[PDB]
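Here's the letter readout for the chains.
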Amino acid sequence: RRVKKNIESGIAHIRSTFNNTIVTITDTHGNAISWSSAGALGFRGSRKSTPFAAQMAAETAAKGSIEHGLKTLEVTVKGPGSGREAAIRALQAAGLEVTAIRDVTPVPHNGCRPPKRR
RNA sequence: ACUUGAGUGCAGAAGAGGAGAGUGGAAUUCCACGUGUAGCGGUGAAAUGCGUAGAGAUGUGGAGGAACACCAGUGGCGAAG
């Protein structure tokens, strides 16, 4: 309701950040399965960055990936943040065979300067 | 008059020394379309701002500018900047 498609493969980006962290449980191509993140955790502001936000974000979004039912799907980290461990153990240690671990902190080789500090 | 000073020669070595042309990627923005929903964002805590006109994220492709990570180090070069 509507589309009940179920597939095995997929790589759901778990991109922790400074403020919050969204785990978009995407497809191997692909399309987004469960676009649920730490904002689905109703705690907003300071409590929306703790490691309980990691375990809760993987709880809801992993519940969605159980809704699509794909058994084997790895995870990846993007952006230097403070929830990566709860994303790892909550993601692969949510009860699946998630065993891929990449590093997608976009370290720009050249690039524009960031804002003044701070 | 003479040769170490200083210069020429001969052979080596080295460098982000300079000027002009061309090329290459990583990253950000923006745009087009797929996928998807209700948050994204920021903070000391929030709000302004963005988002159901479909955002964030994710996939693909295109345009453009600026700076070149790793080597890289109280390393090198320059009269100094």
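J.: Explain the pairing of strand 2 (residues 21-25) to me, using residue names and the numbers behind them.
T.: Pairing of strand 1 (residues 11-16) with strand 2, which is carried by four bridges, proceeds in the antiparallel orientation. The residue bridging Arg-15 from the neighbouring strand is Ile-22, located in strand 2. The antiparallel hairpin formed by strand 1 and strand 2 contains four residues in its connecting segment. The pairing of strand 2 with strand 3 (residues 34-37) spans four bridges and is classified as antiparallel. Pairing of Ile-25 across the sheet is with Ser-34, part of strand 3.

J.: Please give an account of the sheet that holds strand 4 (residues 74-77) that cites residues and values.
T.: Across the sheet, five strands lie side by side as 3-2-1-4-5; this open sheet has mixed pairing. The sheet is open, and its two edges are formed by strand 3 and strand 5 (101-103), each paired on a single side. Neighbour to neighbour, the strand axes of the sheet diverge by 20 degrees on average, direction disregarded.

J.: Break down helix 1 (residues 51-68) for me, citing the residues and quoting the values.
T.: Over its 18 residues, helix 1 runs 25 Å from end to end, which matches the ideal 26 Å to within 8%, given 1.5 Å per residue. Directly after helix 1, the chain includes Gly-69, whose backbone phi takes a positive value near 70 degrees.

J.: Describe the pairing of strand 4, with residues and values.
T.: When strand 1 meets strand 4, the two strands line up parallel, connected through four bridges. Paired with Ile-11 across the two strands is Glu-74, which belongs to strand 4. By the bridge criterion, three bridges tie strand 4 to strand 5 in an arrangement that is parallel. Each residue of the ladder has a partner; that of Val-77, found in strand 5, is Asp-103. Since strand 4 and strand 5 lie parallel, the crossover through helix 2 (residues 84-91) that links them has a hand, and here it is right-handed.

Rules and cut-offs
- Residues numbered from 1 in each chain as written, not as in the entry; some residues may be left out.
- Chains lettered and ligands numbered in written order.
- Part of a larger assembly, values for the part shown.
- Heavy atoms only, no water.
- Residues with missing side-chain atoms left out of burial classes, pairs and counts.
- Pairing = 2+ DSSP bridges.
- Helix = DSSP H or I, 4+ residues; strand = E, 2+ residues; numbered from the N terminus.
- Axes fitted to C-alpha atoms, helices over the stretch in contact; angles between N-to-C directions.
- Expected span 1.5 Å × (residues − 1).
- Right-handed = clockwise from strand over helix to strand, strands pointing away.

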